[PDB]
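Everything below belongs to target-v1.cif, which stores mmCIF, C-alpha atoms and all ligand atoms.
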data_entry
#
loop_
_atom_site.group_PDB
_atom_site.id
_atom_site.type_symbol
_atom_site.label_atom_id
_atom_site.label_comp_id
_atom_site.auth_asym_id
_atom_site.auth_seq_id
_atom_site.Cartn_x
_atom_site.Cartn_y
_atom_site.Cartn_z
ATOM 1 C CA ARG A 1 -19.938 -12.004 9.733
ATOM 2 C CA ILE A 2 -17.151 -13.293 7.451
ATOM 3 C CA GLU A 3 -14.275 -11.118 6.180
ATOM 4 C CA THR A 4 -14.240 -10.702 2.377
ATOM 5 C CA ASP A 5 -11.193 -8.422 2.020
ATOM 6 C CA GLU A 6 -7.923 -10.284 2.706
ATOM 7 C CA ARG A 7 -5.731 -10.414 -0.425
ATOM 8 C CA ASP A 8 -6.873 -9.429 -3.945
ATOM 9 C CA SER A 9 -4.235 -6.736 -4.624
ATOM 10 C CA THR A 10 -0.763 -6.724 -3.023
ATOM 11 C CA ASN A 11 1.132 -3.448 -3.580
ATOM 12 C CA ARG A 12 2.406 -3.041 -7.165
ATOM 13 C CA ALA A 13 2.116 -4.934 -10.478
ATOM 14 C CA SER A 14 -0.505 -2.403 -11.584
ATOM 15 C CA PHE A 15 0.888 0.874 -12.933
ATOM 16 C CA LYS A 16 -0.886 3.426 -15.136
ATOM 17 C CA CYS A 17 0.273 6.197 -17.490
ATOM 18 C CA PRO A 18 -0.731 9.772 -16.661
ATOM 19 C CA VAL A 19 -0.493 10.901 -20.318
ATOM 20 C CA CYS A 20 -2.138 8.362 -22.658
ATOM 21 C CA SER A 21 -3.980 6.914 -19.612
ATOM 22 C CA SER A 22 -2.664 3.472 -20.591
ATOM 23 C CA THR A 23 -1.865 0.808 -17.971
ATOM 24 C CA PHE A 24 0.550 -2.036 -17.187
ATOM 25 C CA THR A 25 1.078 -4.788 -14.597
ATOM 26 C CA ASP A 26 4.190 -6.306 -12.976
ATOM 27 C CA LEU A 27 4.986 -8.442 -16.046
ATOM 28 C CA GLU A 28 5.229 -5.075 -17.842
ATOM 29 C CA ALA A 29 7.277 -3.499 -15.026
ATOM 30 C CA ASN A 30 10.405 -5.580 -15.747
ATOM 31 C CA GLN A 31 10.172 -4.261 -19.327
ATOM 32 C CA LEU A 32 8.889 -0.693 -18.832
ATOM 33 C CA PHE A 33 11.488 -0.019 -16.106
ATOM 34 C CA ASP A 34 14.488 2.189 -16.982
ATOM 35 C CA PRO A 35 17.813 2.695 -15.197
ATOM 36 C CA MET A 36 18.395 6.172 -16.684
ATOM 37 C CA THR A 37 15.454 7.281 -14.506
ATOM 38 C CA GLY A 38 14.900 4.343 -12.117
ATOM 39 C CA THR A 39 11.180 4.084 -12.965
ATOM 40 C CA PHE A 40 8.767 2.511 -15.475
ATOM 41 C CA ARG A 41 8.272 4.409 -18.748
ATOM 42 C CA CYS A 42 5.186 4.014 -20.961
ATOM 43 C CA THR A 43 5.667 1.941 -24.138
ATOM 44 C CA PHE A 44 3.678 3.946 -26.718
ATOM 45 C CA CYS A 45 3.748 7.532 -25.409
ATOM 46 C CA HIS A 46 6.935 7.035 -23.316
ATOM 47 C CA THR A 47 5.232 8.976 -20.491
ATOM 48 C CA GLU A 48 6.169 8.194 -16.865
ATOM 49 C CA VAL A 49 3.624 5.688 -15.493
ATOM 50 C CA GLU A 50 2.504 5.445 -11.845
ATOM 51 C CA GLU A 51 1.054 2.687 -9.621
ATOM 52 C CA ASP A 52 -2.744 2.623 -10.079
ATOM 53 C CA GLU A 53 -4.711 1.899 -6.880
ATOM 54 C CA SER A 54 -7.911 1.608 -8.950
ATOM 55 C CA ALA A 55 -7.018 -0.797 -11.784
ATOM 56 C CA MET A 56 -8.272 -4.098 -10.322
ATOM 57 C CA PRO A 57 -11.671 -5.802 -10.205
ATOM 58 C CA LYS A 58 -13.111 -4.826 -6.795
ATOM 59 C CA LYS A 59 -16.657 -5.151 -5.394
ATOM 60 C CA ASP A 60 -17.769 -2.132 -7.464
ATOM 61 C CA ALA A 61 -20.673 -1.878 -4.992
ATOM 62 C CA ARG A 62 -22.722 -5.103 -4.833
HETATM 63 ZN ZN ZN B 101 2.031 6.649 -22.083
#
Represent the structure of the file as structure tokens.
Ligand SMILES: [Zn+2]
Amino acid sequence: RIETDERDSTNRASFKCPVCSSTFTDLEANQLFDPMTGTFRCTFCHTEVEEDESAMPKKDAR
């Protein structure tokens, strides 16, 4: 048959906060990033965020 999966997500540009469960994309990475730690820090609960592998619109089971 035909292949549906091919691009969709790339690797980053989709981080999420482990404390207030918030979320951010790449446009927010250049602003949530911090040199004092070398990572992206939340913006409301200043908690360390982490790339979210489940924050994009997938097939969600057709
Ligand atoms: Zn937070």
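Counting all atoms listed in the file, the residue from A:49, A:27, A:61, A:2 that sits nearest to ligand ZN 101 (chain B) is A:49.
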Quiz item: Just so the selection is clear, what residues does the PyMOL selection byres (((chain A and resi 13-23) around 10) and not hetatm) cover here, as a VMD selection string?
Solution: chain A and resid 9 to 12 24 to 30 40 to 56
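In this model, the gap between CA of residue 6 (chain A) and CA of residue 57 (chain A) comes to 14.2 Å.
CA of residue 58 (chain A) is positioned 24.4 Å from atom ZN of ligand ZN 101 (chain B).
Of the listed residues A:37, A:32, A:59, A:8, the one whose atoms come nearest to ligand ZN 101 (chain B) is A:32, with distances taken using all atoms listed in the file.
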